[PDB]
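Student: Quick one: the structure is below, questions incoming.
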Amino acid sequence: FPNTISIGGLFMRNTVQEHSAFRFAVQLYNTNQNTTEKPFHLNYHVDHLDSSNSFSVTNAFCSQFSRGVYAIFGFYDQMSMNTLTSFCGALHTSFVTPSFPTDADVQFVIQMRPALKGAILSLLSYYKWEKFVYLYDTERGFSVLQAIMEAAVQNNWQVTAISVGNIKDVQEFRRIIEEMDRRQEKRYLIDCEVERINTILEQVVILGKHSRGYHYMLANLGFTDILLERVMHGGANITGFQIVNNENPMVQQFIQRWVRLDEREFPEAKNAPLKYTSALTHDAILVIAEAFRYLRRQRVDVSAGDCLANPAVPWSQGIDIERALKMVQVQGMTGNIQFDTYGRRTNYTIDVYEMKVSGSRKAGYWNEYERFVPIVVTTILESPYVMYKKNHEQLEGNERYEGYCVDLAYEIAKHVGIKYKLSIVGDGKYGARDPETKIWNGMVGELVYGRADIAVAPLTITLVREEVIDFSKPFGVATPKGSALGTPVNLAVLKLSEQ
Amino acid sequence: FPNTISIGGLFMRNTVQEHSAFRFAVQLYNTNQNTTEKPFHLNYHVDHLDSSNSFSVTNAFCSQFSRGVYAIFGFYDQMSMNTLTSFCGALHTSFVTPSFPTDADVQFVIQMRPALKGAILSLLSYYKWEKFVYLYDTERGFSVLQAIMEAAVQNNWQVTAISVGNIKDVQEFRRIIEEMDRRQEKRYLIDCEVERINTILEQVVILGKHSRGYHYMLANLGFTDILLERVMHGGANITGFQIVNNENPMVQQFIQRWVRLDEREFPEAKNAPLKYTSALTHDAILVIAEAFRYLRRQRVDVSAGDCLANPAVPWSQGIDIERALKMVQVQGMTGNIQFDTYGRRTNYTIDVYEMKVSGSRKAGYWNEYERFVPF
């Protein structure tokens, strides 16, 4: 058994802190005094990628492989995911990565980041969400998207998915929020990188739509690194996830010894919050060190060329190494550590945080077995149907309207048992179709496109409209297609007529 | 100047007609009699690859480079364009391909597929489209998606973009069509591969949404391969684009000699319609041959190392090779062939077809300077 173990390192851009944790964690292992806990020295070879062109990524990997390493620890993103994953599998070299888990199962890579699809789905059922907006990108895989859309069919939800992956101008973000606001959408499910989430919820506050009613779910680990001071002032609910618990004694010891380090040797150490990826980076050394300690106990023999060789014959000890790495069980900084056959984390735990005006609070945990143990009415102005009261300037609310229709709306609401907020269509027309643009206008246009629920007004009944919206019997009021207020209002007017 | 010129091939799966067309075009050039038009012999080292991996793709490319080639002609999909494009640009080896044009500006890549951004935008403004449903997938870059979104903000459109690139169960397609119809959406703009377009148009006819009133604009240069006979009879409106014109004397001559070929040595000949990608493959051999003849006439020095080397030393003469290939002006099947500084074609002649009950009808043509001119 070699007296020293060499492992590779591949760090992409904007990962300076993770580099410090990688260096710090290795130092802690080396400085240990007990012979049993430190049976061999540990070395490492760092390298920086570009993640833009596969020539740089391929060259960097071959430099590491040719030099001679046992395992490789590094990050990858969408562009360079395929190059590193494919090379590692063919050459029989493990790859301990804290990056997002791969969508398709693959061998010889162990991804130590818990998935969220299970946690998200349970919370959606817990809050009983039926319709909402879903903003997403493709910087972390399609796994979450393919589960939300698949679950919508089985539960008959009304998800409205939007892809904001390629948006580069804040105008698109503003229009998306405004357009979905017109449809009375109060629930959003933001699943994007940290930078995008900051931009998205910076637009909501400028638009001033962080009031009491709206609820936001931030499906992204790293709930600490999201600016939330401004949004929470309005009172809008917010929900996030975390895996690093500050009350665990292990994190407290690491954090206590992590802030006293010299700045020059370990940049961005003391005056910066600790990203969860730093916690995963520290854990990786525990997993790799533990795996090699086991390999030493069993007296398993272990001991390079160039990547592109025909035929590509891999060194036979690779299978043993990954088996050891996929069997360890260590109580790490992020909780229990256990890997299944394909290398994904299992028996993990996510802590959900429901943060309020006073501050963040822990609202429960999501174990893998115990899952999450804790009307606007449109109308047009036409006397005597709807008219302004004697003094509409002083009055506020729907108390400034007086006429025939407002009386009818009150009677219908009382029968059904709802609350109505009278609104005036700004177009000023009953409704018609433009022959060239095929765009409805007026009351029917608003009613069809989901901007209203019922429409009490002198809306003449005709064949053209009846094909688009469901009227009631003549008195007729209108409702969207498939709305649940169709039958109750139809009977309400019929019984009113009989009296 | 060498007595013979050797190039390479890189064909992925679902590519048989193009492979036979690539062989036929080379044979056509080699068998010519006029010594002025056939100064040098041409050869190829065709090789197949699997894009699903990135270890076999680079392994196949490095074998081509080590063998020694002057230019490489091959295809690439979304998940393997980075490896091919990046290696070529770093080792100074041109790459003539008929596949989809790249989103970014990259050198040492010559693309023979005309873009569709201009044609779609002009048609949308000509038909007064201000409320449509944009179904799309990302198998051919995001170039079209950005153009539509940027145009919508400027022109104040209302686009409901839905990504259908990751749908395997047809029930999802049914829900999308049913819901969008509930909002009174009559105009669609389907931008997907040929296989997916067939699936979508299959669900439309089953649902009975193919009657008069609905307008479908198939944004793909494959109008001669979409199975839409059923929708034709329904009465809906269909619009499509094409680049290959059957009245061109060159097209007619090639097809006359195309169907007479052997059915075993040249598979997919005399059996299936000539996919437009086969036309681009024939034009690629026109461009490669013409560019190298020009170099021989001008008395330029052209005349292999390891695939990967820490000192990246490119060819000294590879700038000349890819400079000549971008000056060509050779009339071919797809109209005028002429490249700009980035390897993207210029002076297109995109052709618009509108289909009626009688049959497909020439509705007009779109040009970069004259935009859309109907007749």
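In the structure tokens, each chain is lettered A, B, ... as it comes, each chain's residues begin at 1, and ligands are numbered from 1 in order of appearance.
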Using only C-alpha atoms, I'd like every residue of chain A that has an atom within 8 Å of chain B; please write them out as a ChimeraX atom specification.
Tutor: /A:53-55,59,82-83,86-87,90,146,153,161-163,166,172,308,436-439,448-449,468,481
Student: Would you export the selected residues with N, CA, C and O atoms as an mmCIF file, in the first residue's frame, please?
Tutor:
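Written file, selection.cif:
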```
data_model
loop_
_atom_site.group_PDB
_atom_site.id
_atom_site.type_symbol
_atom_site.label_atom_id
_atom_site.label_comp_id
_atom_site.auth_asym_id
_atom_site.auth_seq_id
_atom_site.Cartn_x
_atom_site.Cartn_y
_atom_site.Cartn_z
ATOM 1 N N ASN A 53 -14.958 25.464 -23.927
ATOM 2 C CA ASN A 53 -14.525 24.664 -25.063
ATOM 3 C C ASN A 53 -14.011 23.321 -24.567
ATOM 4 O O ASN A 53 -13.270 23.256 -23.581
ATOM 5 N N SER A 54 -14.405 22.250 -25.256
ATOM 6 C CA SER A 54 -14.035 20.907 -24.829
ATOM 7 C C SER A 54 -12.552 20.613 -25.011
ATOM 8 O O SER A 54 -12.075 19.601 -24.491
ATOM 9 N N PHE A 55 -11.815 21.461 -25.731
ATOM 10 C CA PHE A 55 -10.376 21.257 -25.861
ATOM 11 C C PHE A 55 -9.674 21.489 -24.530
ATOM 12 O O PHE A 55 -8.811 20.703 -24.124
ATOM 13 N N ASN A 59 -7.969 18.517 -22.354
ATOM 14 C CA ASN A 59 -6.547 18.614 -22.046
ATOM 15 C C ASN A 59 -6.302 18.545 -20.545
ATOM 16 O O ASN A 59 -5.369 17.873 -20.090
ATOM 17 N N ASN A 82 -20.736 16.324 -20.031
ATOM 18 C CA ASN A 82 -20.640 15.106 -20.828
ATOM 19 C C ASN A 82 -19.191 14.681 -21.029
ATOM 20 O O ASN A 82 -18.887 13.484 -21.049
ATOM 21 N N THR A 83 -18.282 15.644 -21.186
ATOM 22 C CA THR A 83 -16.887 15.304 -21.447
ATOM 23 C C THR A 83 -16.265 14.580 -20.259
ATOM 24 O O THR A 83 -15.647 13.522 -20.416
ATOM 25 N N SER A 86 -18.067 11.087 -19.395
ATOM 26 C CA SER A 86 -17.794 10.022 -20.354
ATOM 27 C C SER A 86 -16.367 9.506 -20.220
ATOM 28 O O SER A 86 -16.136 8.292 -20.254
ATOM 29 N N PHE A 87 -15.398 10.410 -20.072
ATOM 30 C CA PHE A 87 -14.008 9.983 -19.941
ATOM 31 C C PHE A 87 -13.800 9.165 -18.672
ATOM 32 O O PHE A 87 -13.087 8.156 -18.684
ATOM 33 N N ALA A 90 -15.101 5.500 -19.024
ATOM 34 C CA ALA A 90 -14.348 4.632 -19.921
ATOM 35 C C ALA A 90 -12.985 4.266 -19.346
ATOM 36 O O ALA A 90 -12.496 3.154 -19.571
ATOM 37 N N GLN A 146 -39.397 17.255 -15.304
ATOM 38 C CA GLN A 146 -40.070 16.044 -15.757
ATOM 39 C C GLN A 146 -40.898 15.388 -14.663
ATOM 40 O O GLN A 146 -41.671 14.471 -14.964
ATOM 41 N N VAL A 153 -50.421 15.780 -14.539
ATOM 42 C CA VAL A 153 -51.398 14.954 -15.239
ATOM 43 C C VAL A 153 -52.113 14.028 -14.263
ATOM 44 O O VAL A 153 -53.336 13.855 -14.332
ATOM 45 N N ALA A 161 -45.768 26.434 -17.052
ATOM 46 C CA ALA A 161 -44.313 26.425 -17.069
ATOM 47 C C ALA A 161 -43.789 27.524 -17.981
ATOM 48 O O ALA A 161 -44.318 27.734 -19.077
ATOM 49 N N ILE A 162 -42.753 28.222 -17.523
ATOM 50 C CA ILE A 162 -42.053 29.227 -18.312
ATOM 51 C C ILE A 162 -40.561 28.956 -18.194
ATOM 52 O O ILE A 162 -40.063 28.683 -17.097
ATOM 53 N N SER A 163 -39.853 29.034 -19.315
ATOM 54 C CA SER A 163 -38.410 28.838 -19.344
ATOM 55 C C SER A 163 -37.732 30.199 -19.430
ATOM 56 O O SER A 163 -37.957 30.948 -20.386
ATOM 57 N N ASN A 166 -32.632 31.596 -21.120
ATOM 58 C CA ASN A 166 -31.886 32.422 -22.059
ATOM 59 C C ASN A 166 -32.186 33.910 -21.924
ATOM 60 O O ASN A 166 -31.702 34.701 -22.739
ATOM 61 N N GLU A 172 -37.856 41.301 -20.098
ATOM 62 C CA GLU A 172 -38.573 40.033 -20.175
ATOM 63 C C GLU A 172 -39.090 39.613 -18.805
ATOM 64 O O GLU A 172 -40.227 39.145 -18.678
ATOM 65 N N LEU A 308 -6.295 8.721 -24.981
ATOM 66 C CA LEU A 308 -6.731 8.221 -26.282
ATOM 67 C C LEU A 308 -5.768 7.127 -26.729
ATOM 68 O O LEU A 308 -4.737 7.393 -27.349
ATOM 69 N N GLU A 436 -58.525 40.103 -38.677
ATOM 70 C CA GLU A 436 -57.125 39.921 -39.042
ATOM 71 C C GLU A 436 -56.276 39.366 -37.906
ATOM 72 O O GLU A 436 -55.381 38.553 -38.154
ATOM 73 N N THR A 437 -56.534 39.782 -36.666
ATOM 74 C CA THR A 437 -55.731 39.360 -35.527
ATOM 75 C C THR A 437 -56.393 38.274 -34.690
ATOM 76 O O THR A 437 -55.703 37.618 -33.903
ATOM 77 N N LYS A 438 -57.700 38.061 -34.839
ATOM 78 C CA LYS A 438 -58.410 37.031 -34.082
ATOM 79 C C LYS A 438 -58.227 37.229 -32.580
ATOM 80 O O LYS A 438 -58.013 36.279 -31.827
ATOM 81 N N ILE A 439 -58.317 38.482 -32.140
ATOM 82 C CA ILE A 439 -58.143 38.847 -30.739
ATOM 83 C C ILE A 439 -59.459 39.413 -30.232
ATOM 84 O O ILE A 439 -59.957 40.411 -30.767
ATOM 85 N N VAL A 448 -62.510 35.629 -21.412
ATOM 86 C CA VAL A 448 -61.953 34.433 -22.036
ATOM 87 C C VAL A 448 -60.524 34.192 -21.566
ATOM 88 O O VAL A 448 -60.138 33.056 -21.270
ATOM 89 N N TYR A 449 -59.718 35.249 -21.491
ATOM 90 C CA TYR A 449 -58.295 35.123 -21.207
ATOM 91 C C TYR A 449 -57.983 35.031 -19.716
ATOM 92 O O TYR A 449 -56.833 35.256 -19.322
ATOM 93 N N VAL A 468 -67.857 30.550 -27.383
ATOM 94 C CA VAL A 468 -66.623 30.863 -26.679
ATOM 95 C C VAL A 468 -66.811 30.862 -25.168
ATOM 96 O O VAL A 468 -65.930 30.404 -24.432
ATOM 97 N N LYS A 481 -65.144 28.934 -20.056
ATOM 98 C CA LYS A 481 -65.376 27.530 -20.361
ATOM 99 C C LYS A 481 -64.794 26.654 -19.259
ATOM 100 O O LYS A 481 -63.624 26.795 -18.890
#
```
Student: Would you mind writing down, as a PyMOL selection string, each residue of region 19-121 of chain B that DSSP on the backbone assigns to alpha helix (DSSP H)?
Tutor: chain B and resi 19-30+55-67+81-91+117-121
Student: Which neighbours of region 192-205 of chain A fall inside 6 Å, counting only C-alpha atoms, when residues of the same chain fewer than 2 positions from it are skipped, and could you give them as a PyMOL selection string?
Tutor: chain A and resi 136-137+207-209
Student: Print the selection's residues with N, CA and C atoms to a file, as a short mmCIF file (atom, residue, chain, number, x, y, z; two decimals), in the first residue's frame.
Tutor:
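Dumped to part.cif:
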```cif
data_model
loop_
_atom_site.label_atom_id
_atom_site.label_comp_id
_atom_site.auth_asym_id
_atom_site.auth_seq_id
_atom_site.Cartn_x
_atom_site.Cartn_y
_atom_site.Cartn_z
N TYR A 136 -38.46 28.27 -14.46
CA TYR A 136 -37.38 27.31 -14.36
C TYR A 136 -36.34 27.58 -15.42
N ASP A 137 -35.14 27.03 -15.19
CA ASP A 137 -34.08 27.04 -16.19
C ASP A 137 -33.47 25.65 -16.29
N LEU A 207 -41.90 46.14 -8.90
CA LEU A 207 -43.30 46.15 -9.30
C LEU A 207 -44.24 46.24 -8.10
N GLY A 208 -43.72 46.07 -6.88
CA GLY A 208 -44.53 46.17 -5.69
C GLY A 208 -45.58 45.08 -5.59
N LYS A 209 -45.16 43.83 -5.74
CA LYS A 209 -46.06 42.68 -5.66
C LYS A 209 -45.50 41.64 -4.70
#
```
Student: Smallest atom-to-atom distance to residue 125 (chain A): which of A:372, A:363, A:71, A:295, using only C-alpha atoms?
Tutor: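 Smallest separation from residue 125 (chain A) among the options: A:372.
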Student: With only C-alpha atoms as the atoms that count, which of A:382, A:323, A:496, A:467 lies nearest to residue 414 (chain A)?
Tutor: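 Checking each of A:382, A:323, A:496, A:467 against residue 414 (chain A), counting only C-alpha atoms, the winner is A:496.
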Student: Enumerate, in order of chain and increasing residue number, the residues of region 206-316 of chain A with an atom no farther than 10 Å from region 91-111 of chain A, each with its shortest atom pair and distance in Å to one decimal, counting only C-alpha atoms, as CSV.
Tutor:
```
residue,atom,partner,partner_atom,distance
A:276,CA,A:98,CA,9.8
A:277,CA,A:98,CA,6.8
A:278,CA,A:98,CA,9.1
A:279,CA,A:98,CA,9.5
A:280,CA,A:98,CA,6.1
A:281,CA,A:98,CA,6.7
A:283,CA,A:98,CA,9.4
A:284,CA,A:96,CA,7.0
A:285,CA,A:96,CA,9.4
A:287,CA,A:96,CA,9.0
A:288,CA,A:96,CA,8.3
A:307,CA,A:91,CA,7.6
A:308,CA,A:91,CA,9.8
A:312,CA,A:91,CA,7.5
A:313,CA,A:91,CA,7.6
A:314,CA,A:91,CA,5.2
A:315,CA,A:92,CA,7.1
A:316,CA,A:92,CA,8.0
```
